[PDB]
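Working notes, structure below.
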Amino acid sequence: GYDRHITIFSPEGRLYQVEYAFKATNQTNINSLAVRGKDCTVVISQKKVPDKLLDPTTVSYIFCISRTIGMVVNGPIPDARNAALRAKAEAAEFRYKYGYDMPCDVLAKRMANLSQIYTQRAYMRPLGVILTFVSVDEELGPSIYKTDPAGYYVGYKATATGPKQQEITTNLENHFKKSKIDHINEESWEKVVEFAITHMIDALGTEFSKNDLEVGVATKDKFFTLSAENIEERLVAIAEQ
Amino acid sequence: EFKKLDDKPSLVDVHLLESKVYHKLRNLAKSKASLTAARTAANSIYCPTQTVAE
Amino acid sequence: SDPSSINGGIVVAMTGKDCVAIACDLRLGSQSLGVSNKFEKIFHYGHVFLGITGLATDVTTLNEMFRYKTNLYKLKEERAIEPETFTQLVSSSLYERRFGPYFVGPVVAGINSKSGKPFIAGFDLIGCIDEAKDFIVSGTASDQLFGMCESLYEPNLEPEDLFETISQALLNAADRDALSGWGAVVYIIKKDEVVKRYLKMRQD
Amino acid sequence: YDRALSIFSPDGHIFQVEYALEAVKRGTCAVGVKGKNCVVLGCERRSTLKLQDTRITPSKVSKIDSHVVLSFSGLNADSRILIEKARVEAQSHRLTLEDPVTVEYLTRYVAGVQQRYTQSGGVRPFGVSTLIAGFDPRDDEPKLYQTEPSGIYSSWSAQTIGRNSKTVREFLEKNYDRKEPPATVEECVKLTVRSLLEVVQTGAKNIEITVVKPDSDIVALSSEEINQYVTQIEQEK
Amino acid sequence: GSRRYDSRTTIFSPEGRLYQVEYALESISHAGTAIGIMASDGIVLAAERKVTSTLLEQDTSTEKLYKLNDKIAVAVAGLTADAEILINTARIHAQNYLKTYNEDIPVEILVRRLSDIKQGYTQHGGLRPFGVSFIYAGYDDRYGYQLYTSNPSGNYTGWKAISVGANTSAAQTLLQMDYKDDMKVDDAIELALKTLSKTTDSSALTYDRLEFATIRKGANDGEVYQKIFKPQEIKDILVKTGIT
Amino acid sequence: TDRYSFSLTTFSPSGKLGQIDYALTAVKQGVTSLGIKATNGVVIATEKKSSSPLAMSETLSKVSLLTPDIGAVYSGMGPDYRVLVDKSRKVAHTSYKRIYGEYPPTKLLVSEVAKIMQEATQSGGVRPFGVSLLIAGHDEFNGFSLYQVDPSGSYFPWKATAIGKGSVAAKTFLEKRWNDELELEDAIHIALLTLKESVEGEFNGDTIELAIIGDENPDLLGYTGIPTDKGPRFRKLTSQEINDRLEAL
Amino acid sequence: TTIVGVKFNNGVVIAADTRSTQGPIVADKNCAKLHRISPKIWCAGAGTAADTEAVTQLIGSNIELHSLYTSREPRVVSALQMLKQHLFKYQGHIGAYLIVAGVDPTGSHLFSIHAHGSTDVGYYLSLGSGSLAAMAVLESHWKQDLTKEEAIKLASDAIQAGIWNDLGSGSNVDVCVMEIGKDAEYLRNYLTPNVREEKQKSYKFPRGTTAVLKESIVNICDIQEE
């Protein structure tokens, strides 16, 4: 009856309403690749704009939730904004009541808990976005925590998201198999961008441009994004590798 | 006497030893029969491992 | 003037060794008139004994309040309350009315029956947990008691000796107090038995 | 909550009010007959069952006021809620207006409890109909009212509700006259015993009789008293 | 929206009958047997658990027997989960009565209060009622020992001997033949065990699956001692009455 | 508007509350967990699993601390435990650490979390948490205790029990392996060996999560020079420690 | 009481005394008033005893939850902030005077809070009644950066001058030395300046020196047996 139309349990014990949320985040066809450097965390994501009449600069999916913590969104942009707004509010609040800015771990856990509550309520629809939170914390180092629409999250050595993310997994797996460590041993953050772009080309078979890329880098104690001019320096630097 | 008090891993061994004795008496009808008794009292595979090997 | 000193009266509690003893007076009046010698100040829950001094309305309202809570503990846990958790409980429930505060001094006295260990604690107003293991004094003639109490006492007593000391401390404080001198009760509290002994006292 | 459990029907009805009245039909039978000097409410008890202590088992007649009695038919869960609200109201009248409540006032009050949940959503009406009877202070006029879960009330010279109310009512057409009620208290009492002995039967075990006499005189006639009345009617008949 | 997924859960049927209450009585028939017998010196409450296992600790369990107040305990027959709410409501209510009148709650008052909650839930809110039936053993000064059954609709009925839960009919019929008003607590203990051996919810009745409790005025000075017997004290009485 | 107050959990005509039966299915889809009560400690154990090889399982906890002396472990849904662990810690503080100044008894804590379950099956807009919890602990008034919290809103004490997809088999394992006297050391060795048959992947100490409510550790006390207080009786075992107990099989 | 706190390189020391006062009346000879927000965040309380204890207990719960969400040791600054807000919403009605000292993986800190919500920084903070007296000793003999061996002596000497020049302080000096890399050492009774000198008599009497009107057993050590 309503075991697939609201968030109540079925005879299977599996919530069909929740499953549908994960079947809408891959329909925007945005891939992400996120790697932990030795001093940084770099995340690159697709930014396919097929129109002359959309301004590509304002088409974005990397939202700065703290000054140190970036968030990259795979899935629909209404739900992205709502989850960004809520996350920013909480991160500010944490500074206010605990006297230091919210960790990546706990910010992930907080959105995770709200996602469960949104699938507890039968009239509230969960936010159907996969959120990757990249940072460099001083108590956790370079970190990636990835929350999902259900309310599950875990840490990561590296992670990918999108429909074609299995291909990305193959590259990352080889990289950390050979190195025998959970991060990239590269001490320049710029070259971790260069590496990330290389494996994106390998995985998807797609040759990238500066207007198909959007790059976020968390270094120690600051988060910035590269502009398309800076991303072009990296694309020229692939030829110099 | 301990048919009444049978659940013991210790009383599986009774049935096994009994098999080993009927074996050496060269009758394998009652050895088999007392193999079969041991099997019932170790319906369990959670009886001590040494017993199981035997 | 202050709510506490209108209704006055005194409570002494003293540890023994493998015993405790709490004592009070039965006098309770308003102003200078003594009303009754038919109200005792000491109540009990399981093996903890509570004497409570100060304003009368808040004596009897906290009597019921304490009772209510220790009913919930007894039935829930299926064991009696320990004198040390009766203390935190007394403290918390005083400090909820922070504003319009209670106008009493609860004294907790018992024996933790899982070490045989003697236990006393004091209170005034909104909280404040007074650790002693000698004596606890309370009431408006707390100064008469505190003097008597230090001098008489000697570390460790048998119950037989403890009756003389604690009584003697109550006896001379109560008749140098205007608001005590009608009646007195002394509970000698063993962990095998409780002997309650009414004292004869001179008229104040 | 405000999601309708009472909603208008295309028949000009609400379904649950119709259902409510069938819930009272399945209930036990209460008869009301008023004399010229008494009200008598006798009711069927389900005390046939063994291993039952009737001292601690609820009665089917509960006094709300010193001179106002209430009997009920339908659900027994529902009825107690009406009996509690009625009592609280009765003491309120003494507080602010003085005097106990009139019978008519209580009749209107119980009716207004049913009324509220008929119109509002998120609530179902009760399945309980009452016979409210008694005297007013400084009055020897017997009052016999019936309230029903519709939210309507009506006065009656005699009335019956509960199971086989049609059968008892038909009996009362010939055994009760509008012009002439039972002259004495005793003939009123025996008439109510006589009406119960149709359907209820089965000794004085299941037969109850409560008599209220003018200005707060409530006496309940025990089974022994009832047995005497039953035997006389049986022999005469 | 909101009205879309509601089916009007609590309403009358054409017979007048409340769907959820009818359904509730079925789920109490799933739950184990609980019997109460009122002696002329106490009340015996005896219940057979709806769960037993060799890994289940049943030696600290008191999953059916719960004390509401010092003179009133209940046995439970129905959903344990649902019952837990009413049990702590009862404790609050009894303590509230003690706070305001400085007198112990009569058995009638406490039962009536719980009954009102159950009625209320079908009356408004669309709430399911509590699907439990309790047998209240209680002492009061005025009516002495009082025995009561409550049903999930929210109505209470007095008794002398009664059974709820599984095998209500079978237990009742045996009680009718054996019950007498000259019975003592001693006699009532023996009757309860025998009735449970004929209404057993498997093929065996054991001490470890028996919860047992009395309220006896045999405590000195006319005082009432509630004793909830441990399973090894039940075992002692199991050999006494000759069940084993 | 809102009009969700009609209970989602309701009686069926064949009896039983339908919604919690559904929720119990989800517990037997989840990971397997078990708990053995020894006479000198309690051990609780569960299996760590991952949906990616690039997921870290050292950032993944499925045994969590409620109070220093009482730990919990689940089987069921990940999300539903995630929210409910926080609420368990919170009610432990509000109802016994601000009233009686100490950590609650194991009996007390279990009851309170069963009320949180109960009221998530009462009223609309809330369906149950689809987890069963084993809450092992130690209090000073009843010693060691092992409980099992049901999605029903009830609990049961056990001598040894298991929950999860492989519960039925695991409890038959513990039935012969339990005895009146046991050691905590041997309890661990049983628990790992049983969870060997309920793990289909790796069986390292990095992928097997083990925690004891053994005895106090005064190095986890965080302070010294108070002899009255006793350190955390709970102690989660690091991966290396778990590997030592794997060699002790 | 009075509270000294000494921040130095290796850790932080916090010291306060055990004498309980209720007005000019000395309620207790011994009663410690060093409280634990966290294992590693010890504070001590001055001013009204009940207003310090009641809020270290309450935020003591909050910070424990906070710790259980991060799965890491709580920061020092967290405790201060929790207190600041709580005092401010009553408008300085609560009379908590706390010195919050602590070690954590960020390092040693020492802060103070006043009843109204004011928070100050320092390398040496002092508060309470004997603030004035404790400070005097400190400022001659101190240099920046000291060892715990040097500091515990220094801390301690300052609480003494609260005993002999202020009456609101007295009795034994209790100290908690919270070191980096170690658990915190609550060295209770480091210094006992004074005890009560032993008198010449015992005032132990035979029975009957107390006058008795009757006696009767009242038990609650059983709930009555059959």
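Please note that chains go A, B, ... in the order of the structure tokens, that every chain numbers its residues from 1, and that ligands are numbered from 1 in the order shown.
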### Task
Compute the chain A side of the contact with chain F at 8 Å, counting only C-alpha atoms, and hand it back as a PyMOL selection string.
chain A and resi 7-14+112-113+116+120-123+150-152+154-159+173
Selection export as a short mmCIF file (atom, residue, chain, number, x, y, z; two decimals), in the first residue's frame, atoms kept: N, CA, C and O atoms:
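Heads up, here's the output in part29.cif:
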data_model
loop_
_atom_site.label_atom_id
_atom_site.label_comp_id
_atom_site.auth_asym_id
_atom_site.auth_seq_id
_atom_site.Cartn_x
_atom_site.Cartn_y
_atom_site.Cartn_z
N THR A 7 7.69 6.41 4.44
CA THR A 7 8.94 5.91 4.95
C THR A 7 8.75 4.78 5.94
O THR A 7 9.66 4.48 6.71
N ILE A 8 7.56 4.14 5.96
CA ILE A 8 7.28 3.01 6.82
C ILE A 8 7.92 1.76 6.27
O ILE A 8 8.14 1.64 5.06
N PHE A 9 8.18 0.78 7.17
CA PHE A 9 8.80 -0.48 6.85
C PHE A 9 7.86 -1.34 6.05
O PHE A 9 6.64 -1.24 6.16
N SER A 10 8.46 -2.20 5.21
CA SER A 10 7.79 -3.12 4.33
C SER A 10 7.99 -4.49 4.94
O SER A 10 8.79 -4.61 5.87
N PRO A 11 7.34 -5.55 4.48
CA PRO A 11 7.65 -6.92 4.85
C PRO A 11 9.09 -7.32 4.60
O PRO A 11 9.56 -8.24 5.27
N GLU A 12 9.80 -6.62 3.68
CA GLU A 12 11.17 -6.89 3.32
C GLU A 12 12.08 -6.29 4.37
O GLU A 12 13.20 -6.76 4.58
N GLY A 13 11.58 -5.28 5.12
CA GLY A 13 12.34 -4.53 6.09
C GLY A 13 13.16 -3.45 5.45
O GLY A 13 14.07 -2.92 6.09
N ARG A 14 12.90 -3.15 4.16
CA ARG A 14 13.70 -2.23 3.40
C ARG A 14 12.81 -1.11 2.95
O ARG A 14 11.71 -1.33 2.45
N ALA A 112 24.05 13.68 8.65
CA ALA A 112 23.66 12.29 8.69
C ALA A 112 22.48 12.03 9.59
O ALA A 112 21.61 11.22 9.28
N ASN A 113 22.42 12.73 10.75
CA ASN A 113 21.39 12.53 11.74
C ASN A 113 20.12 13.18 11.29
O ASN A 113 19.04 12.63 11.50
N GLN A 116 18.30 11.02 8.70
CA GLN A 116 17.57 9.93 9.31
C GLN A 116 16.23 10.41 9.78
O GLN A 116 15.23 9.70 9.66
N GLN A 120 12.38 9.58 8.97
CA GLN A 120 11.65 9.07 10.10
C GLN A 120 10.26 9.61 9.93
O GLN A 120 9.28 8.88 10.01
N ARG A 121 10.19 10.93 9.62
CA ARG A 121 8.99 11.64 9.27
C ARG A 121 8.47 11.14 7.95
O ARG A 121 9.24 10.83 7.04
N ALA A 122 7.13 11.02 7.85
CA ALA A 122 6.47 10.37 6.75
C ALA A 122 5.89 11.39 5.81
O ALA A 122 5.34 11.02 4.77
N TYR A 123 6.03 12.69 6.13
CA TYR A 123 5.52 13.77 5.32
C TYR A 123 6.67 14.62 4.87
O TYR A 123 6.51 15.46 3.98
N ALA A 150 20.48 8.67 3.00
CA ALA A 150 19.88 7.89 4.07
C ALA A 150 20.25 8.39 5.44
O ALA A 150 19.40 8.42 6.33
N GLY A 151 21.54 8.77 5.63
CA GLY A 151 22.01 9.20 6.92
C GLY A 151 23.13 8.32 7.39
O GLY A 151 23.28 8.09 8.59
N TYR A 152 23.93 7.81 6.43
CA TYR A 152 25.06 6.95 6.69
C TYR A 152 26.24 7.76 6.23
O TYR A 152 26.14 8.50 5.25
N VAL A 154 30.92 7.63 6.49
CA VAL A 154 32.12 7.01 6.98
C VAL A 154 33.23 7.88 6.44
O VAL A 154 33.02 8.67 5.52
N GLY A 155 34.46 7.77 7.01
CA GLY A 155 35.66 8.36 6.48
C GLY A 155 36.16 7.61 5.28
O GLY A 155 35.67 6.52 4.97
N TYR A 156 37.16 8.19 4.58
CA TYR A 156 37.64 7.65 3.33
C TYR A 156 39.08 8.04 3.19
O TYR A 156 39.51 9.11 3.63
N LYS A 157 39.86 7.14 2.54
CA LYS A 157 41.18 7.39 2.01
C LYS A 157 41.05 8.26 0.79
O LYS A 157 41.75 9.25 0.61
N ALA A 158 40.07 7.89 -0.06
CA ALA A 158 39.73 8.59 -1.26
C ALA A 158 38.35 8.10 -1.56
O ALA A 158 37.93 7.06 -1.05
N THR A 159 37.61 8.83 -2.41
CA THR A 159 36.27 8.42 -2.74
C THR A 159 35.94 9.09 -4.04
O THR A 159 36.57 10.06 -4.44
N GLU A 173 42.56 2.59 -6.38
CA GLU A 173 42.87 1.34 -5.75
C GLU A 173 44.27 0.92 -6.08
O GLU A 173 45.00 0.48 -5.20
#
### Residues within 12 Å of residue 37 of chain C, only C-alpha atoms, excluding chain neighbours under 5 positions, as a list in words
residues 9, 24, 25, 26, 27, 28, 29, 179, 180, 181, 182, 183, 184, 185, 201 and 203 of chain C
### Task
Might you pull out every residue within 9 Å of residue 57 of chain E, with only C-alpha atoms counted and same-chain residues fewer than 3 positions away left off, and present them as a list in words?
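Counting only C-alpha atoms, the residues come to residues 52, 53, 54, 60 and 61 of chain E; 156, 157, 158, 159 and 160 of chain F.
Non-sequential neighbours of residue 94 of chain C (distance at most 8 Å, separation of 4 or more positions within a chain, only C-alpha atoms) are residues 90, 98, 101, 102, 125, 126 and 127 of chain C.
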Based on the selection just made, write N, CA and C atoms of those residues as a PDB file, in the first residue's frame.
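File produced: part29.pdb:
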ATOM      1  N   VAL C  90      18.765  15.253  47.125  1.00  0.00           N
ATOM      2  CA  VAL C  90      18.367  16.304  48.028  1.00  0.00           C
ATOM      3  C   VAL C  90      18.871  17.641  47.488  1.00  0.00           C
ATOM      4  N   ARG C  98      15.709  27.643  42.310  1.00  0.00           N
ATOM      5  CA  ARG C  98      16.769  28.513  42.551  1.00  0.00           C
ATOM      6  C   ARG C  98      16.288  29.874  43.033  1.00  0.00           C
ATOM      7  N   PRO C 101      13.909  30.492  46.667  1.00  0.00           N
ATOM      8  CA  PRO C 101      14.579  29.321  47.150  1.00  0.00           C
ATOM      9  C   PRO C 101      13.974  28.701  48.386  1.00  0.00           C
ATOM     10  N   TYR C 102      14.250  27.415  48.658  1.00  0.00           N
ATOM     11  CA  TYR C 102      13.750  26.782  49.902  1.00  0.00           C
ATOM     12  C   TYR C 102      14.513  27.343  51.112  1.00  0.00           C
ATOM     13  N   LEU C 125      20.017  26.023  52.330  1.00  0.00           N
ATOM     14  CA  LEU C 125      19.354  26.668  51.212  1.00  0.00           C
ATOM     15  C   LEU C 125      19.252  25.826  49.918  1.00  0.00           C
ATOM     16  N   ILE C 126      19.966  26.302  48.886  1.00  0.00           N
ATOM     17  CA  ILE C 126      19.877  25.816  47.532  1.00  0.00           C
ATOM     18  C   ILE C 126      20.768  24.685  47.298  1.00  0.00           C
ATOM     19  N   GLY C 127      21.834  24.486  48.087  1.00  0.00           N
ATOM     20  CA  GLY C 127      22.497  23.242  47.862  1.00  0.00           C
ATOM     21  C   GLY C 127      23.510  23.177  48.815  1.00  0.00           C
TER      22      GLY C 127
END
### Task
Select residues of chain F: the criterion is any atom within 8 Å of an atom of chain B, counting only C-alpha atoms; output as a PyMOL selection string.
chain F and resi 173+176-177
### Who sits within 12 Å of segment 182-186 of chain E, only C-alpha atoms, same chain under 2 positions skipped, as a PyMOL selection string
chain E and resi 36-45+145+160-161+178-180+188-193+213-218+237+240-241
### Query
Which polymer residues have any atom within 10 Å of an atom of residue 41 of chain D, counting only C-alpha atoms, with same-chain residues fewer than 5 positions away left out, as a PyMOL selection string?
chain D and resi 30-34+60-61+69-71+131-134+144+160+189+192+208-212
So that each row is one residue of segment 145-213 of chain A with an atom at most 12 Å from segment 59-68 of chain A, can you give its shortest atom pair and the distance in Å to one decimal, using only C-alpha atoms, rows by chain and rising number, as CSV?
residue,atom,partner,partner_atom,distance
A:211,CA,A:59,CA,10.1
A:212,CA,A:59,CA,10.6
A:213,CA,A:60,CA,10.0
### Query
If you run DSSP on the backbone, which residues of segment 45-239 of chain F are alpha helix (DSSP H), as a PyMOL selection string?
chain F and resi 78-94+106-118+167-177+184-195+239
### Task
Among the residues of segment 13-111 of chain F, find those DSSP assigns to strand (DSSP E or B) from the backbone and print them as a list in words.
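Answer for segment 13-111 of chain F restricted to strand (DSSP E or B) is residues 17, 33, 34, 35, 36, 37, 38, 41, 42, 43, 44, 45, 46, 47, 55, 63, 64, 65, 66, 67, 70, 71, 72, 73, 74, 75 and 76 of chain F.
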Residues just named, written with N, CA, C and O atoms as a compact mmCIF listing (two decimals), in the first residue's frame:
# COMPACT_ATOMS: atom_id res chain seq x y z
N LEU F 17 1.37 -6.20 16.42
CA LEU F 17 1.53 -4.86 15.95
C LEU F 17 2.37 -5.01 14.71
O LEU F 17 3.52 -5.43 14.78
N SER F 33 26.06 -9.82 15.50
CA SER F 33 26.64 -9.34 16.72
C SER F 33 26.20 -10.33 17.75
O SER F 33 25.21 -11.03 17.58
N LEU F 34 26.99 -10.45 18.83
CA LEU F 34 26.78 -11.43 19.85
C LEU F 34 27.39 -10.90 21.10
O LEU F 34 28.20 -9.98 21.07
N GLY F 35 26.98 -11.48 22.25
CA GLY F 35 27.45 -11.04 23.53
C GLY F 35 27.38 -12.23 24.42
O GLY F 35 26.40 -12.96 24.42
N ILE F 36 28.47 -12.47 25.18
CA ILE F 36 28.59 -13.57 26.10
C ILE F 36 28.86 -12.89 27.40
O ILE F 36 29.70 -12.00 27.48
N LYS F 37 28.12 -13.29 28.46
CA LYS F 37 28.35 -12.82 29.80
C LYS F 37 29.19 -13.84 30.51
O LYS F 37 28.79 -14.99 30.67
N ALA F 38 30.39 -13.40 30.96
CA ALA F 38 31.29 -14.17 31.77
C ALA F 38 31.03 -13.77 33.19
O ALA F 38 30.21 -12.90 33.46
N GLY F 41 33.45 -10.42 33.63
CA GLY F 41 33.44 -9.47 32.56
C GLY F 41 32.32 -9.82 31.65
O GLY F 41 31.55 -10.75 31.90
N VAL F 42 32.18 -9.03 30.56
CA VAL F 42 31.24 -9.27 29.49
C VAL F 42 32.06 -8.96 28.27
O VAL F 42 32.95 -8.12 28.33
N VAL F 43 31.80 -9.67 27.15
CA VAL F 43 32.38 -9.34 25.88
C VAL F 43 31.22 -9.15 24.94
O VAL F 43 30.24 -9.89 25.00
N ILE F 44 31.33 -8.14 24.06
CA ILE F 44 30.41 -7.88 22.98
C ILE F 44 31.27 -7.74 21.76
O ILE F 44 32.38 -7.22 21.83
N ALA F 45 30.78 -8.23 20.60
CA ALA F 45 31.57 -8.25 19.40
C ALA F 45 30.64 -8.16 18.24
O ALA F 45 29.50 -8.63 18.30
N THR F 46 31.12 -7.56 17.13
CA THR F 46 30.37 -7.38 15.92
C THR F 46 31.40 -7.36 14.82
O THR F 46 32.60 -7.37 15.08
N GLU F 47 30.93 -7.40 13.56
CA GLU F 47 31.76 -7.41 12.38
C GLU F 47 31.65 -6.06 11.72
O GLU F 47 30.57 -5.50 11.59
N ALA F 55 36.97 2.96 1.67
CA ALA F 55 36.41 3.27 2.96
C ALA F 55 37.38 2.83 4.03
O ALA F 55 38.08 1.83 3.87
N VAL F 63 30.37 -0.39 17.84
CA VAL F 63 30.29 -0.54 19.27
C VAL F 63 30.68 0.83 19.75
O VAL F 63 31.70 1.37 19.34
N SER F 64 29.83 1.41 20.62
CA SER F 64 29.98 2.76 21.08
C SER F 64 29.82 2.76 22.57
O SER F 64 29.23 1.85 23.15
N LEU F 65 30.30 3.86 23.20
CA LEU F 65 30.33 4.02 24.63
C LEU F 65 29.12 4.85 24.94
O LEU F 65 28.89 5.87 24.29
N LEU F 66 28.28 4.40 25.91
CA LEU F 66 27.17 5.21 26.37
C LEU F 66 27.60 5.93 27.62
O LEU F 66 27.42 7.14 27.75
N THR F 67 28.17 5.16 28.57
CA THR F 67 28.77 5.64 29.79
C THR F 67 30.04 4.82 29.92
O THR F 67 30.13 3.80 29.23
N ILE F 70 29.12 1.07 30.58
CA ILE F 70 28.04 0.45 29.85
C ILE F 70 28.28 0.77 28.39
O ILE F 70 28.26 1.93 28.00
N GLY F 71 28.46 -0.28 27.56
CA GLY F 71 28.65 -0.14 26.13
C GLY F 71 27.46 -0.74 25.45
O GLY F 71 26.72 -1.52 26.04
N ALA F 72 27.28 -0.41 24.15
CA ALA F 72 26.16 -0.88 23.36
C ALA F 72 26.70 -1.31 22.02
O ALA F 72 27.77 -0.87 21.61
N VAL F 73 25.94 -2.18 21.33
CA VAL F 73 26.28 -2.68 20.02
C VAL F 73 24.95 -3.00 19.39
O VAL F 73 24.01 -3.36 20.09
N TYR F 74 24.83 -2.84 18.05
CA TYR F 74 23.59 -2.99 17.34
C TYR F 74 23.70 -4.03 16.26
O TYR F 74 24.80 -4.44 15.88
N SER F 75 22.53 -4.43 15.75
CA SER F 75 22.39 -5.08 14.47
C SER F 75 21.12 -4.52 13.93
O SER F 75 20.13 -4.39 14.65
N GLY F 76 21.11 -4.16 12.62
CA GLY F 76 19.98 -3.49 12.02
C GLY F 76 20.49 -2.46 11.07
O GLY F 76 21.44 -2.69 10.34
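Atom CA of residue 233 of chain D is found 12.3 Å from atom CA of residue 186 of chain D.
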### Message
Considering only C-alpha atoms, can you say which of F:226, F:187, F:113, F:193 comes closest to chain E?
### Response
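Of all the options, F:113 lies closest to chain E.
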Which polymer residues have any atom within 12 Å of an atom of residue 204 of chain E, counting only C-alpha atoms, with same-chain residues fewer than 5 positions away left out, as a short mmCIF file (atom, residue, chain, number, x, y, z; two decimals) with C-alpha atoms, in the first residue's frame?
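What ended up in selection19.cif:
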data_model
loop_
_atom_site.label_atom_id
_atom_site.label_comp_id
_atom_site.auth_asym_id
_atom_site.auth_seq_id
_atom_site.Cartn_x
_atom_site.Cartn_y
_atom_site.Cartn_z
CA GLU E 48 3.45 -18.40 33.05
CA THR E 52 11.42 -19.51 27.84
CA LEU E 196 -1.45 -23.71 35.10
CA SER E 197 -0.43 -27.36 34.66
CA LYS E 198 -3.67 -27.99 32.75
CA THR E 199 -3.47 -24.72 30.78
CA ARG E 209 8.99 -20.19 33.53
CA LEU E 210 6.80 -19.44 36.57
CA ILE E 243 3.72 -30.59 40.59
CA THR E 244 7.18 -32.16 40.53
#
Please build the interface table for chain F against chain C with a cut-off of 10 Å, listing for each qualifying residue the nearest atom pair and the distance in Å to one decimal; count only C-alpha atoms, order rows by chain and increasing number, and write it as CSV.
residue,atom,partner,partner_atom,distance
F:96,CA,C:89,CA,9.4
F:97,CA,C:88,CA,9.3
F:98,CA,C:92,CA,7.3
F:99,CA,C:89,CA,5.4
F:100,CA,C:88,CA,5.2
F:101,CA,C:88,CA,6.1
F:102,CA,C:85,CA,8.5
F:105,CA,C:77,CA,8.6
F:107,CA,C:77,CA,7.8
F:108,CA,C:77,CA,7.4
F:111,CA,C:76,CA,9.8
F:140,CA,C:114,CA,10.0
F:141,CA,C:79,CA,8.4
F:142,CA,C:79,CA,10.0
### Query
Which residues of chain E are close to chain C, meaning at most 9 Å apart when you count only C-alpha atoms, and how do they look as number ranges by chain?
E: 66-70, 91-92, 95-96, 98-100, 102
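The spacing separating atom CA of residue 171 of chain A from atom CA of residue 202 of chain A amounts to 7.7 Å.
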